[PDB]
């Protein structure tokens, strides 16, 4: 097991050593010019200064350590254990350590991952090291405040491309060398190698030229849209260079779509890796292009927030992720075609922030992270989305100019170095010309949400006689009220002699503080028909509406002209549903009747997923099975049939039908789309392409309509013959596990929780099939099996890989007091490690929320 580095251990090591350079020499061949299969050779030379006479440890996870030396004295490696690294005893002032090892390839997305493409037999490698998996590829002091230069050399099969952080030098006789990097952290070192297809372009401005590359597997090249990605890339560099002062510091900029990736992307300096789902093989909506552009711009923002300046320790991961999230959405809004990015943020990412902040594991943005175990579960909706939301509010509070000026100072001060909370706040304080210590304490060091509401009286002509914004204390948390810069918007009719649309007819900006903030400027103003006290989504809060405004919202959501205020209403309704203030069936009604007016297909997609959570988790289950699901499925098919042919909305409604709980009529309709012209089904212009076929096959498998005679799967196997790709095989694995047969669920469950050799990406696909909609009664036995299995999975697999089972197989379907008690009994053992307890507490809290919602929906 790799070492669980503690905050205290990291501080202790950084007080003793300062690293200059690494030289990393890799051989990823089999020693005969072909790709290696199990291990690769890694020979690392590190130069570092030390307090003379101290001891340290160099980290390394290897199959074999062949030799290790300190200042050319050979070390005894006969007792080598990856948990202990290699001890370095009696350090000199100036040191050279060499470690020559055979390291293991990964098939679980941590370390140097190896994949074989079934289409062409080609091998592809990529690295992934955040947080502390660099030690699986090279010996190092694996912590982010021990920066160093990197000089990488790789021996590879002759036909391969080889990409690292640095620009390539000409390769010779299998050997690829790279330009030495600037000083950076070990978790950012990259290796991507194999017969990847390439595209090239260049970004040019007054600062100079950045060579751009895009890479993907050869078998996916026909699907690449490199011009669109290069356009977005260049828009990003133009925006960041306009605002951040220091230009991009890491040379060239390669973007590599890699197989079996665990996350969405990773900001390795000069060598950003991506989930290869972003190479679209089939038709996707604008939602997918917009999310991919956000990801491109997020990784690029990290070239400043994480790569140029890095947090000292993982408690300040928000310095990377809150800022990268905020900056990427700002850049998307202002520099790209995705001009509604703040609308998408308010519906998609803020909903994630609220869910995370309300769990019993809620933690401040500036977190307390005692060890690696704690950070490996902290890449979450607070570190990302709440932090970005709170930074958006800081920009409202001090203004964008002072905010950006403070960041430009921060970058210049800490360039190629490390920063903590106190360093960031010092820079923003200097630039803002005011004390932000109280602001930081109440916003960055707290948990929870403040509820914001209008409180007013009106005269007989509907004009305010008094208006305030009321603010609840933070919950869950320490109950404080905060300072907010926010806007009050009043919405009313735009029509000539007509209702027409609800448009903004009055706006007031104000400084809100404490429980009640009077708004004198609204005395004598018409109350209109809908009041929003977080207009333009400037602050992080729980928004609620006065009675009349809420009735207007529930009746006229489709009349709100502008996407952002319409999203503020969708979000308030969804949050009221989560909070047992709006019945599940009323939220489903609202979406079913209003989504035709939601022009932003990304927002519409999220509303349909919410409606599906409402039906599957929040609604009285008898009503959901007998009425709610079949009505929602019928509405999706009506919506699809009324949509424009070939449109994004047409596809979204059919995608949602494929993930719903189906009646026999819906099963017939979807099966007909596999065999026939879609026009015959009233769906002219719908492309029943490779991935929509798989979504339909998975729906038919889930419904018991195909391969229902026994565990054999001739129909799904025929679909793999049609699409015999790594993607088709993972979709097939999902579809086979989705079938409502106990023996199929049991075989899949046992495979994924037992077989440590199974690729994590395949496991995940099987888990998505196990936990299929509508199957909660069938899956009840797997609740106890889950609680009995997860300690072993957590002990055998890394946190990130174990999470596939711990998060993905939590029994969210067992919505009962017995299900709550099952988690309580697991949690009653005080020796369960804190990160595993956290994930079970979160699962238990989601089921508790579902029970409270079902009681509200029934009554």
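Positions refer to the first chain, counted from 1.
- Higher mean CA B-factor, judged across 737-745 and 524-532 from the recorded values: 524-532.
- Just going by the entry, 645-653 versus 510-518 on mean CA temperature factor gives the higher value to 510-518.
- Taking the PDB entry at face value, the top CA B factor among 461, 357, 634, 290 belongs to 461.
- Comparing C-alpha B-factors across 393, 310, 219, 465 in the deposited entry, the largest value falls on 465.
- Sort the chain's modelled residues by C-alpha temperature factor and residue 35 lands in the highest third, per the entry.
- The PDB entry assigns residue 120 a C-alpha temperature factor belonging to the middle third of its chain's modelled residues.
- Ranked by Cα temperature factor within the chain, residue 433 sits in the highest third according to the deposited record.
- Placement of the Cα temperature factor of residue 176 within the chain: middle third of the modelled residues, per the deposited record.
- Placement of the Cα temperature factor of residue 613 within the chain: middle third of the modelled residues, per the deposited record.
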